[PDB]
Amino acid sequence: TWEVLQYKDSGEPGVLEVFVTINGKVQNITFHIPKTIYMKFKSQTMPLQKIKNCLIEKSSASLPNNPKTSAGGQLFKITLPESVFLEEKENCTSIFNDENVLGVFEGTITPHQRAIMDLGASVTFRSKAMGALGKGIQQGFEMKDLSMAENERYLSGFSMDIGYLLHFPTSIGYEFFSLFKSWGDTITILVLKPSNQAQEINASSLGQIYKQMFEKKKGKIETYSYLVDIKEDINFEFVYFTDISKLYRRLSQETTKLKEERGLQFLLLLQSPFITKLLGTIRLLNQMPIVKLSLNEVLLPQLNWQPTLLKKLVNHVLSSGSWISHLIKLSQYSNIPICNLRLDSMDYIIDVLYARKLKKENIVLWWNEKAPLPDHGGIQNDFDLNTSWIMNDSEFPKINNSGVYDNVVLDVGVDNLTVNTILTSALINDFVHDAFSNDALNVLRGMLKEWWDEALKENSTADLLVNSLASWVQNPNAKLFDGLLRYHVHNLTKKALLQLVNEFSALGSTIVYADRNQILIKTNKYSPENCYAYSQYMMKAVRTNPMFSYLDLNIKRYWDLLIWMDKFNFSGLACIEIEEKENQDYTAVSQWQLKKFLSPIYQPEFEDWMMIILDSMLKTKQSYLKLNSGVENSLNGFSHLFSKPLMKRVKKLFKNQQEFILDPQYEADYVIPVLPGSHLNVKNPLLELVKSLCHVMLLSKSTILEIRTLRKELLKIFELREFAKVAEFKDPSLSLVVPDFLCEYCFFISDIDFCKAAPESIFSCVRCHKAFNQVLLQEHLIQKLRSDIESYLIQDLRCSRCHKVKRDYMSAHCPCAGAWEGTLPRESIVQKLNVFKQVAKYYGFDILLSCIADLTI
Amino acid sequence: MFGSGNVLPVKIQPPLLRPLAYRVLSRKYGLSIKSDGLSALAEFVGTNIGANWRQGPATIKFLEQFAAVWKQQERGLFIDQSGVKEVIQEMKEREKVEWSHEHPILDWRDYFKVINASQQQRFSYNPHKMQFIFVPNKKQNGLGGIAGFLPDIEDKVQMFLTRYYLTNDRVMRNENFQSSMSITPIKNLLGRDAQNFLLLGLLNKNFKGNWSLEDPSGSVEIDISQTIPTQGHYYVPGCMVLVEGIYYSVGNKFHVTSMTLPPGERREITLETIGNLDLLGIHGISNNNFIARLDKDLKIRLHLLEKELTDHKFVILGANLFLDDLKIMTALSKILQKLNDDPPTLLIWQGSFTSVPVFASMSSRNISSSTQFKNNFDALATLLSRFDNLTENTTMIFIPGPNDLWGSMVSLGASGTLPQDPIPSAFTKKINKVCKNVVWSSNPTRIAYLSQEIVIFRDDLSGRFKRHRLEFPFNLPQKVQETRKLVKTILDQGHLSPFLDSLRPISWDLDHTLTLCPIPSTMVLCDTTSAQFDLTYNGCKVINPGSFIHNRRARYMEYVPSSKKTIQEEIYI
Ligand SMILES: [Zn+2]
Ligand SMILES: [Zn+2]
């Protein structure tokens, strides 16, 4: 057999350089593959006058249905070599520059990725009719000579040494090159410095770093030490430069000597942020077969970074082997060459396996490499309101029900929601212009069923595919990012969440909050000790449901007595696990973002009174339950317990308010803070505190009369009426949400709110607690701003009276004689842009500040 | 310039200028003098004269000239210190021309300017006032959030009717309709059974999916079975076309015999119809009370000095040049060395600067795509640091491509809003540390070079025109023929992109830039889907380089404006 290591792009059209192995020897062979395109014509007639060496056939496959074309023609499949494709590219009399052209599907497919899809990682030749194999060796091999082979024999075991090269960029501006020899006994480090006055010599410290990690990673190397490396005890060499120009020449000599050390029988693990510039600067690596991993930029301080960076170098050197074995295990199932697959981006294997099944099912790909838009026959890059609506709108409708709850409020975490949604598409549904092609979605649904069935056999590769499909769909970087596909999955996710709400409501349980992961529901029970078996019965009954059988529902927290506003404003009493305890190991959680819109003297008093409110509510609920058991809830009459201290406390606070607000010594405690969500202006801080307390007490649907009388009595001391303009409550945070921002580590797809969340939970993941870079956050705010601006500029105009959409595109007024007004308000966009300016001024997004600067000019 | 003064300047004051202020120009010519303008006049008389300001007749003659010049512009009844500065600079130019008249022996930088789509003055037509009217810019007015990128809600309604009445004026001015038939508004047609009518209509597809013609008075459905279209033209939805045919009242349909576009008019015809309005603002700026008038003698003098300057060249690269490709980098280095042999006047750089669209990726370990854009501009500045002659003697103009950072952030490389804004300044600051004078302009760019108005536009016109062309049942080199069809369609519309709003949106407040009611003398459409060409039509020059690479060759242009001549030069890469 011929197991393939690397498919390699070349400067020649249609010619690729292929590195395979035979008997442990790395063979390099030039390969010629013609390109196949799909051509849509105006009519059924074929004008083919004289075209040199081209196969033109009729094709029976439907097309990706973009909404602007959803005539009397036929699809045709044309195979021709890429060089002669360039020969009739320049001829305007050819069929490729015809005026009867409707579309050119799959015209941008490279020979490299086509050879990846068609031939797999295991290729064999056919010798039924072959004059000379050597004539095929220098003259190249055609695809009619080749076919697939067995996947398991691919990289069973290689007796071949690795060459490990890393580039380190630092935050202080230093540059590092490192070269490893498994056959040699040297690790070589090239270090750049701006000046020779800066000191970084740590050879004895590097030896001590190696001695520190030696016992630490001895137990970790030994899992794969019998295959990937011979001797782990090698010596350290270093060289220093103050410039970069001769540093390329030194690296070129030190990498050229590897070629004479081994003789073209080793692969290179290359990890640098720059690849094309690297292969431009140094030459012999370009012919060399390379496995690639894009490396994160190392962020290091000005001093004491040196043991950290040497620790990192030893960590990569001693942890390369498990990564290499994981590449082998990935390539065993993925049927992709080890050099050509990207381990760092999991979407490539998803795209090529998907496109393999698409090509198996006789349907035209929308494989587009160098643009997130699909091919769609080449009639893309044209604006349409349909594709702008289904590609622009990313909004997950949360179901929020504010109030106080005395039932055992259950927190369930929903995992694989997107996967369980897209897998059971045949059960959710139990000419459309904005619909994805149905047969391709049947292909993906069956493929995900196969992946899920293989995942139960503990295939970690298939586990990684089924956990990475949800990130593959959302990613525009992938080759098959189709907006119709993503809108199909998002709309089906909305439908599946609403059906989950209906299924939980059919068991006598009303939800509190619904989201992609966290769902809070209200049961019929009062105590969790009576509610545990009922909760288990409920979750097993919804796991029994046919539409939800792949949904990972796990209980996160039991809530006994809860106050709900949204996910960012909740307080109450909770327990993680149920226990046989009289106190039940209860804890009190208060997460008010309302507290931050208050003066610093008045912030802890809000938490104090919330604690008093919570304790009085538990005491009233316990007394009512003990009295009654032996429409209004258990909480009626709870404010008789603490209104008498609260009136006196408000009057004393009012007396303190009328003394020290204007005094410059105590005014620093009385200031209002500036927050990115803040849009209101406070007039009396005690009035705002009283409004916030009476509004959180006002969320009770049962005792709203008594709370209203308490608010009426409390508003008398400020000399305000019951229903004043300033007495009513408004939310002091305007909601700025970015949709579906996912971490690369734990793949948790969440919507990040930049106004109502704490700064600690914004820049890092919610569960993984790994910090995002600020650059992509800035980029996503630019995307959200331009999405809102684009949604303003493409806009229907409606009547002020008829409320009818504008059909005749340019007219003075409607037949109902009402004026034209925008569907979006005139003030909504400028409040959105003002909140963007405020959040840019707060969090210091200088790119977003520059965007506002160029937007105003 | 001015006459030489022998003695040194002194700082004379507004005191003791009091008899020599109100009598000489405020009574003889009627111009009130403010304090700051009087102080600036005292400073300039001091610097011109010296100690003989008390008994010098040159002061009195200079103040009479000041009052006379303020009478030709009539910029205000008062006298402003900034107004004194503008009049002094115009006098320096004026006596520079007069010194060149005395001895036959200005500057091109004094009159050359660059206008983005945001900086262009707004004009709107009114047939209740029967002419044009200028609208002051609202970018300064109000909050910058309100002013920037938030147009008024009526402007979407007003945009296509403004284009309609402009097209109606351009077809009513032609000799064919001052002769053959007359244009009837569409609303009058329903009721006239079986009578022949000629129309101007916005071509549209209605909600029913049939073809329709629309005016501000209404619309009618048409059918295109019996049409005989005029050969040599392009028909796309969004065209305002002349339609001749018979209306039938049975099914409310209009049977079209022939269809054509309205005929074009030359540039000087449009300027004499408007009355020589300085639309770009080559002399000052237009205000609310007074509109800026382009002087005829000034235009003749600029044409004369334009014919005097013959060595000025405009080097135009082929569009769609990718900064990330190394072969493009090498070819750009070679052609910039060839331009380092002789630096031109302007080097207009354009095209989609990156191959991939810049999107919000999900690879936090790697450098971002915007970081890739910034690094590519830094590498461009590093290459531009090698060539001193281009950064010393040649200004450069940057036109955005369809795939640049700023516009295609949400469009993701697709068609977006038509007035594409310039590349952000924060992403390219090192270029501003290299070039002496670099202007980052919008996608429709109006540069005024002396008496010449030049429009730069980067758009893939021919692919969209061929894809949505009007197909008919009843219906010479090919590239030249399609070239003449494209240029004749674009000049007969008087619009850069005459598509519907569904095909390509236009931001509402800035459509007058894309409206080409003043036909420019020379514009450069940059269409990579079409081949390179150079034609003149209706007194306009339309030139096109296409893509940057065409079979291992880098294509560029040398356009001289004095003889109005373009040399097409290719470089074998
Ligand atoms: Zn995470
Ligand atoms: Zn109406």
# chains A, B, ... in the order shown; residues from 1 in each chain; ligands from 1

call {"tool": "select_by_dssp", "arguments": {"residues": "region 10-233 of chain B", "states": "strand (DSSP E or B)", "output": "MDAnalysis selection string"}}
result
chainID B and resid 113:115 122:126 131:135 183 195:205 211:215 218:223 228:229

call {"tool": "write_last_selection", "arguments": {"atoms": "N, CA, C and O atoms", "output": "compact mmCIF listing (two decimals), in the first residue's frame"}}
result
# COMPACT_ATOMS: atom_id res chain seq x y z
N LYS B 113 -7.81 69.07 -4.73
CA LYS B 113 -8.45 68.64 -3.50
C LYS B 113 -9.06 67.26 -3.68
O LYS B 113 -9.30 66.81 -4.80
N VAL B 114 -9.29 66.59 -2.56
CA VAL B 114 -9.89 65.26 -2.53
C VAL B 114 -11.18 65.35 -1.73
O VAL B 114 -11.19 65.90 -0.62
N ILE B 115 -12.27 64.81 -2.28
CA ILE B 115 -13.57 64.85 -1.65
C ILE B 115 -14.06 63.42 -1.51
O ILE B 115 -14.16 62.69 -2.51
N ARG B 122 -24.46 68.45 -0.58
CA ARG B 122 -25.73 67.84 -0.94
C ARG B 122 -26.54 68.77 -1.82
O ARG B 122 -26.70 69.95 -1.50
N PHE B 123 -27.06 68.24 -2.92
CA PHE B 123 -27.95 68.97 -3.81
C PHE B 123 -29.20 68.15 -4.08
O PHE B 123 -29.14 66.92 -4.19
N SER B 124 -30.34 68.83 -4.18
CA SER B 124 -31.61 68.18 -4.46
C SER B 124 -32.39 69.00 -5.47
O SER B 124 -32.37 70.23 -5.43
N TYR B 125 -33.08 68.32 -6.38
CA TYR B 125 -33.85 68.98 -7.42
C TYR B 125 -35.29 69.17 -6.94
O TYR B 125 -35.83 68.33 -6.22
N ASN B 126 -35.90 70.28 -7.35
CA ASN B 126 -37.28 70.58 -6.99
C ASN B 126 -37.96 71.15 -8.22
O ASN B 126 -37.59 72.25 -8.68
N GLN B 131 -35.77 74.07 -10.13
CA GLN B 131 -34.32 74.00 -10.26
C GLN B 131 -33.72 73.26 -9.07
O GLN B 131 -34.42 72.61 -8.29
N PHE B 132 -32.40 73.36 -8.96
CA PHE B 132 -31.64 72.75 -7.88
C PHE B 132 -31.75 73.59 -6.61
O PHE B 132 -32.08 74.78 -6.65
N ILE B 133 -31.44 72.95 -5.48
CA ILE B 133 -31.28 73.65 -4.21
C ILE B 133 -30.27 72.88 -3.38
O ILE B 133 -30.28 71.64 -3.35
N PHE B 134 -29.37 73.61 -2.74
CA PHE B 134 -28.30 73.00 -1.96
C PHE B 134 -28.73 72.83 -0.51
O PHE B 134 -29.43 73.68 0.06
N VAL B 135 -28.31 71.73 0.09
CA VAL B 135 -28.62 71.39 1.47
C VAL B 135 -27.32 71.45 2.27
O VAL B 135 -26.33 70.84 1.86
N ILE B 183 -43.94 63.02 -22.69
CA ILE B 183 -43.99 62.11 -21.55
C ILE B 183 -45.24 62.39 -20.73
O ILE B 183 -45.50 63.52 -20.33
N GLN B 195 -54.61 53.56 -26.61
CA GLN B 195 -53.96 54.75 -27.15
C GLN B 195 -52.46 54.67 -26.89
O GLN B 195 -52.01 54.16 -25.86
N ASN B 196 -51.69 55.19 -27.84
CA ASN B 196 -50.24 55.10 -27.81
C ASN B 196 -49.66 56.19 -26.91
O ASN B 196 -50.04 57.36 -27.03
N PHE B 197 -48.74 55.80 -26.02
CA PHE B 197 -48.15 56.71 -25.06
C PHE B 197 -46.67 56.41 -24.91
O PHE B 197 -46.23 55.26 -25.05
N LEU B 198 -45.90 57.46 -24.61
CA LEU B 198 -44.48 57.35 -24.31
C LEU B 198 -44.24 57.81 -22.88
O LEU B 198 -44.77 58.83 -22.45
N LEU B 199 -43.43 57.04 -22.15
CA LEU B 199 -43.31 57.13 -20.71
C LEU B 199 -41.84 57.18 -20.32
O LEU B 199 -40.97 56.70 -21.04
N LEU B 200 -41.58 57.73 -19.14
CA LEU B 200 -40.34 57.46 -18.42
C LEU B 200 -40.74 56.77 -17.13
O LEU B 200 -41.54 57.30 -16.36
N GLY B 201 -40.18 55.59 -16.90
CA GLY B 201 -40.55 54.85 -15.72
C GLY B 201 -39.40 54.15 -15.03
O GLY B 201 -38.48 53.65 -15.70
N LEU B 202 -39.42 54.14 -13.70
CA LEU B 202 -38.54 53.27 -12.94
C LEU B 202 -38.98 51.83 -13.17
O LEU B 202 -40.13 51.48 -12.88
N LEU B 203 -38.09 51.02 -13.74
CA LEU B 203 -38.40 49.62 -13.98
C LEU B 203 -38.29 48.83 -12.68
O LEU B 203 -37.33 48.99 -11.93
N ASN B 204 -39.28 47.99 -12.42
CA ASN B 204 -39.37 47.32 -11.13
C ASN B 204 -40.06 45.98 -11.31
O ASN B 204 -40.77 45.76 -12.29
N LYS B 205 -39.81 45.07 -10.38
CA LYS B 205 -40.62 43.87 -10.21
C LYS B 205 -41.46 44.06 -8.97
O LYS B 205 -40.93 44.24 -7.87
N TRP B 211 -43.47 42.70 -14.31
CA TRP B 211 -42.70 43.91 -14.55
C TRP B 211 -43.61 45.13 -14.47
O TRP B 211 -44.76 45.10 -14.90
N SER B 212 -43.07 46.22 -13.93
CA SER B 212 -43.86 47.43 -13.70
C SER B 212 -42.99 48.66 -13.90
O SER B 212 -41.76 48.62 -13.80
N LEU B 213 -43.66 49.77 -14.19
CA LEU B 213 -43.04 51.08 -14.33
C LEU B 213 -43.62 52.00 -13.27
O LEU B 213 -44.84 52.00 -13.04
N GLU B 214 -42.76 52.79 -12.64
CA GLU B 214 -43.20 53.60 -11.50
C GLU B 214 -42.72 55.04 -11.66
O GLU B 214 -41.62 55.29 -12.16
N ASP B 215 -43.57 55.98 -11.26
CA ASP B 215 -43.30 57.40 -11.16
C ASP B 215 -43.77 57.86 -9.79
O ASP B 215 -44.44 57.09 -9.08
N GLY B 218 -47.41 57.13 -9.35
CA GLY B 218 -47.99 55.79 -9.24
C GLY B 218 -47.17 54.76 -10.00
O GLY B 218 -45.95 54.87 -10.10
N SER B 219 -47.86 53.74 -10.50
CA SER B 219 -47.20 52.65 -11.22
C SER B 219 -48.20 51.98 -12.15
O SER B 219 -49.41 52.13 -12.01
N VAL B 220 -47.66 51.24 -13.12
CA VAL B 220 -48.48 50.41 -14.00
C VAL B 220 -47.72 49.13 -14.30
O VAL B 220 -46.48 49.10 -14.30
N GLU B 221 -48.45 48.04 -14.48
CA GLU B 221 -47.84 46.79 -14.92
C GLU B 221 -47.65 46.81 -16.43
O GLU B 221 -48.50 47.27 -17.19
N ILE B 222 -46.51 46.28 -16.87
CA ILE B 222 -46.18 46.18 -18.28
C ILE B 222 -45.92 44.71 -18.60
O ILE B 222 -45.71 43.89 -17.71
N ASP B 223 -45.95 44.39 -19.89
CA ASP B 223 -45.44 43.11 -20.35
C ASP B 223 -44.45 43.32 -21.49
O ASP B 223 -44.58 44.26 -22.28
N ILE B 228 -39.08 45.81 -28.77
CA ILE B 228 -37.91 45.86 -29.64
C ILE B 228 -36.90 46.78 -28.95
O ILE B 228 -36.96 48.00 -29.13
N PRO B 229 -36.00 46.24 -28.14
CA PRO B 229 -35.08 47.10 -27.39
C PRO B 229 -34.01 47.71 -28.28
O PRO B 229 -33.68 47.19 -29.35

call {"tool": "closest_atom_pairs", "arguments": {"of": "chain A", "to": "chain B", "cutoff": "7 Å", "atoms": "only C-alpha atoms", "output": "Markdown table"}}
result
| residue | atom | partner | partner_atom | distance |
| --- | --- | --- | --- | --- |
| A:273 | CA | B:366 | CA | 6.5 |
| A:294 | CA | B:366 | CA | 6.2 |
| A:295 | CA | B:365 | CA | 6.2 |
| A:296 | CA | B:365 | CA | 3.9 |
| A:297 | CA | B:365 | CA | 6.7 |
| A:370 | CA | B:356 | CA | 5.3 |
| A:371 | CA | B:356 | CA | 5.4 |
| A:372 | CA | B:412 | CA | 6.9 |
| A:381 | CA | B:414 | CA | 3.8 |
| A:382 | CA | B:415 | CA | 5.1 |
| A:383 | CA | B:415 | CA | 5.0 |
| A:384 | CA | B:502 | CA | 5.8 |
| A:385 | CA | B:502 | CA | 6.2 |
| A:477 | CA | B:361 | CA | 6.6 |
| A:744 | CA | B:362 | CA | 7.0 |
| A:773 | CA | B:364 | CA | 6.4 |
| A:776 | CA | B:360 | CA | 6.3 |
| A:779 | CA | B:360 | CA | 5.5 |
| A:780 | CA | B:360 | CA | 5.8 |
| A:783 | CA | B:410 | CA | 5.6 |
| A:786 | CA | B:410 | CA | 6.0 |
| A:787 | CA | B:410 | CA | 6.0 |
| A:793 | CA | B:507 | CA | 6.5 |
| A:807 | CA | B:207 | CA | 6.5 |
| A:810 | CA | B:157 | CA | 5.8 |
| A:811 | CA | B:216 | CA | 5.6 |
| A:821 | CA | B:153 | CA | 6.9 |
| A:822 | CA | B:153 | CA | 6.8 |
| A:830 | CA | B:145 | CA | 6.1 |
| A:833 | CA | B:145 | CA | 6.6 |
| A:850 | CA | B:426 | CA | 6.4 |
| A:854 | CA | B:424 | CA | 6.8 |
| A:855 | CA | B:148 | CA | 5.8 |
| A:856 | CA | B:148 | CA | 4.7 |
| A:857 | CA | B:148 | CA | 6.8 |

call {"tool": "write_last_selection", "arguments": {"atoms": "N, CA and C atoms", "output": "compact mmCIF listing (two decimals), in the first residue's frame"}}
result
# COMPACT_ATOMS: atom_id res chain seq x y z
N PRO A 273 3.49 31.45 14.64
CA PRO A 273 2.32 32.24 14.20
C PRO A 273 2.37 32.64 12.74
N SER A 294 -0.67 26.17 14.88
CA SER A 294 -0.59 27.59 15.18
C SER A 294 -0.46 27.78 16.68
N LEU A 295 0.47 28.64 17.08
CA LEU A 295 0.84 28.80 18.48
C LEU A 295 0.29 30.11 19.02
N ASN A 296 -0.22 30.06 20.25
CA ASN A 296 -0.67 31.27 20.92
C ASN A 296 0.51 32.17 21.26
N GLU A 297 0.28 33.48 21.20
CA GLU A 297 1.33 34.44 21.51
C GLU A 297 1.61 34.43 23.01
N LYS A 370 -11.37 30.52 0.56
CA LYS A 370 -10.83 31.81 0.95
C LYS A 370 -11.92 32.87 1.12
N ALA A 371 -13.12 32.46 1.54
CA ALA A 371 -14.20 33.38 1.89
C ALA A 371 -15.20 32.63 2.76
N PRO A 372 -15.77 33.27 3.78
CA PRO A 372 -16.82 32.61 4.58
C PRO A 372 -18.11 32.41 3.83
N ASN A 381 -21.74 37.25 -3.48
CA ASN A 381 -21.27 38.64 -3.37
C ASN A 381 -22.26 39.63 -3.98
N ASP A 382 -23.53 39.24 -4.07
CA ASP A 382 -24.62 40.12 -4.47
C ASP A 382 -25.56 40.25 -3.28
N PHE A 383 -25.93 41.48 -2.95
CA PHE A 383 -26.78 41.71 -1.79
C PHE A 383 -28.20 41.23 -2.06
N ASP A 384 -28.79 40.60 -1.06
CA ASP A 384 -30.20 40.27 -1.05
C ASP A 384 -30.71 40.46 0.37
N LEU A 385 -31.95 40.94 0.49
CA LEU A 385 -32.53 41.14 1.81
C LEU A 385 -32.83 39.81 2.50
N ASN A 477 -15.26 30.49 9.59
CA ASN A 477 -13.94 30.13 9.09
C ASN A 477 -13.97 28.82 8.31
N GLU A 744 -12.90 28.64 22.93
CA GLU A 744 -12.26 27.57 22.17
C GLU A 744 -11.86 26.39 23.03
N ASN A 773 -9.02 36.80 24.66
CA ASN A 773 -8.30 37.98 24.22
C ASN A 773 -9.29 39.10 23.92
N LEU A 776 -10.73 39.90 19.87
CA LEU A 776 -11.92 39.32 19.26
C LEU A 776 -13.20 39.83 19.90
N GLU A 779 -13.69 42.91 18.00
CA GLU A 779 -14.17 42.55 16.67
C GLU A 779 -15.65 42.18 16.68
N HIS A 780 -16.10 41.47 17.72
CA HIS A 780 -17.50 41.10 17.81
C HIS A 780 -18.39 42.30 18.12
N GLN A 783 -18.77 43.90 14.79
CA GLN A 783 -19.75 43.14 14.02
C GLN A 783 -21.18 43.43 14.46
N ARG A 786 -22.11 47.06 13.29
CA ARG A 786 -22.39 47.17 11.87
C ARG A 786 -23.61 46.36 11.49
N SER A 787 -23.92 45.32 12.26
CA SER A 787 -25.18 44.60 12.08
C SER A 787 -26.37 45.49 12.39
N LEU A 793 -30.23 50.44 7.77
CA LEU A 793 -30.25 50.88 6.38
C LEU A 793 -31.12 50.02 5.47
N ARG A 807 -45.15 48.29 -0.53
CA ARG A 807 -45.07 47.45 -1.72
C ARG A 807 -44.56 48.24 -2.92
N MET A 810 -41.57 53.54 -4.08
CA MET A 810 -41.39 54.99 -3.99
C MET A 810 -42.72 55.72 -4.22
N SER A 811 -43.28 56.25 -3.14
CA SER A 811 -44.57 56.94 -3.19
C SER A 811 -44.66 57.91 -2.03
N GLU A 821 -43.25 55.44 8.40
CA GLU A 821 -42.33 55.42 9.52
C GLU A 821 -41.51 54.14 9.47
N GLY A 822 -40.33 54.19 10.08
CA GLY A 822 -39.46 53.03 10.09
C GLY A 822 -39.98 51.96 11.02
N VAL A 830 -29.73 55.21 17.97
CA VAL A 830 -28.81 56.15 18.61
C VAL A 830 -28.63 55.81 20.09
N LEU A 833 -26.03 53.04 19.85
CA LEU A 833 -24.71 53.59 19.58
C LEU A 833 -24.16 54.35 20.78
N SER A 850 -11.95 54.06 18.21
CA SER A 850 -11.57 54.50 16.87
C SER A 850 -12.70 54.30 15.87
N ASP A 854 -14.23 57.26 13.61
CA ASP A 854 -14.44 57.28 12.16
C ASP A 854 -15.91 57.24 11.76
N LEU A 855 -16.80 56.79 12.65
CA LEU A 855 -18.22 56.79 12.33
C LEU A 855 -18.80 58.20 12.45
N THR A 856 -18.33 58.97 13.44
CA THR A 856 -18.81 60.34 13.60
C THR A 856 -18.29 61.24 12.49
N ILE A 857 -17.05 61.04 12.07
CA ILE A 857 -16.48 61.82 10.98
C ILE A 857 -16.98 61.25 9.66

call {"tool": "residues_around", "arguments": {"residues": "residue 837 (chain A)", "least_positions_apart": "4", "cutoff": "8 Å", "atoms": "only C-alpha atoms", "output": "ChimeraX atom specification"}}
result
/A:833,841,848-849,852

call {"tool": "write_last_selection", "arguments": {"atoms": "N, CA, C and O atoms", "output": "PDB file, in the first residue's frame"}}
result
ATOM      1  N   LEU A 833     -26.031  53.041  19.853  1.00  0.00           N
ATOM      2  CA  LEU A 833     -24.708  53.586  19.578  1.00  0.00           C
ATOM      3  C   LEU A 833     -24.159  54.348  20.780  1.00  0.00           C
ATOM      4  O   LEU A 833     -22.946  54.332  21.017  1.00  0.00           O
ATOM      5  N   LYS A 841     -15.862  53.560  26.261  1.00  0.00           N
ATOM      6  CA  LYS A 841     -15.176  54.455  27.185  1.00  0.00           C
ATOM      7  C   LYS A 841     -14.906  53.783  28.524  1.00  0.00           C
ATOM      8  O   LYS A 841     -13.919  54.110  29.190  1.00  0.00           O
ATOM      9  N   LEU A 848     -12.747  50.046  19.254  1.00  0.00           N
ATOM     10  CA  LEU A 848     -14.138  50.490  19.212  1.00  0.00           C
ATOM     11  C   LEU A 848     -14.256  52.007  19.351  1.00  0.00           C
ATOM     12  O   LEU A 848     -15.113  52.615  18.698  1.00  0.00           O
ATOM     13  N   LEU A 849     -13.397  52.633  20.167  1.00  0.00           N
ATOM     14  CA  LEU A 849     -13.335  54.095  20.219  1.00  0.00           C
ATOM     15  C   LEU A 849     -12.915  54.688  18.880  1.00  0.00           C
ATOM     16  O   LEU A 849     -13.468  55.706  18.447  1.00  0.00           O
ATOM     17  N   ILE A 852     -15.969  54.485  16.581  1.00  0.00           N
ATOM     18  CA  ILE A 852     -16.883  55.605  16.821  1.00  0.00           C
ATOM     19  C   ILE A 852     -16.297  56.903  16.268  1.00  0.00           C
ATOM     20  O   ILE A 852     -17.025  57.750  15.733  1.00  0.00           O
TER      21      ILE A 852
END

call {"tool": "residues_around", "arguments": {"residues": "residue 191 (chain A)", "least_positions_apart": "3", "cutoff": "7 Å", "atoms": "only C-alpha atoms", "output": "VMD selection string"}}
result
chain A and resid 175 to 177 239 to 241

call {"tool": "select_by_dssp", "arguments": {"residues": "region 647-682 of chain A", "states": "alpha helix (DSSP H)", "output": "list in words"}}
result
residues 647, 648, 649, 650, 651, 652, 653, 654, 655, 656, 657, 658, 659 and 660 of chain A

call {"tool": "atom_distance", "arguments": {"atom1": "CA of residue 327 (chain A)", "atom2": "CA of residue 450 (chain A)"}}
result
21.8 Å

call {"tool": "closest_atom_pairs", "arguments": {"of": "chain A", "to": "ligand 2", "cutoff": "7 Å", "atoms": "only C-alpha atoms and all ligand atoms", "output": "CSV"}}
result
residue,atom,partner,partner_atom_place_in_ligand_line,distance
A:799,CA,ligand 2,1 (Zn),4.6
A:800,CA,ligand 2,1 (Zn),6.4
A:801,CA,ligand 2,1 (Zn),5.0
A:802,CA,ligand 2,1 (Zn),3.6
A:803,CA,ligand 2,1 (Zn),6.1
A:804,CA,ligand 2,1 (Zn),6.2
A:814,CA,ligand 2,1 (Zn),4.6
A:815,CA,ligand 2,1 (Zn),5.7
A:816,CA,ligand 2,1 (Zn),3.6
A:817,CA,ligand 2,1 (Zn),5.5
A:818,CA,ligand 2,1 (Zn),4.7

call {"tool": "atom_distance", "arguments": {"atom1": "CA of residue 439 (chain A)", "atom2": "CA of residue 420 (chain A)"}}
result
18.8 Å

call {"tool": "residues_near_ligand", "arguments": {"ligand": "ligand 1", "cutoff": "8 Å", "atoms": "only C-alpha atoms and all ligand atoms", "output": "ChimeraX atom specification"}}
result
/A:742-748,764-770

call {"tool": "closest_residue", "arguments": {"among": "B:20, B:554, B:491, B:240", "to": "residue 572 (chain B)", "atoms": "only C-alpha atoms"}}
result
B:554

call {"tool": "atom_distance", "arguments": {"atom1": "CA of residue 436 (chain A)", "atom2": "CA of residue 353 (chain A)"}}
result
19.0 Å

call {"tool": "closest_residue", "arguments": {"among": "B:137, B:55, B:176, B:451", "to": "residue 108 (chain B)", "atoms": "only C-alpha atoms"}}
result
B:451
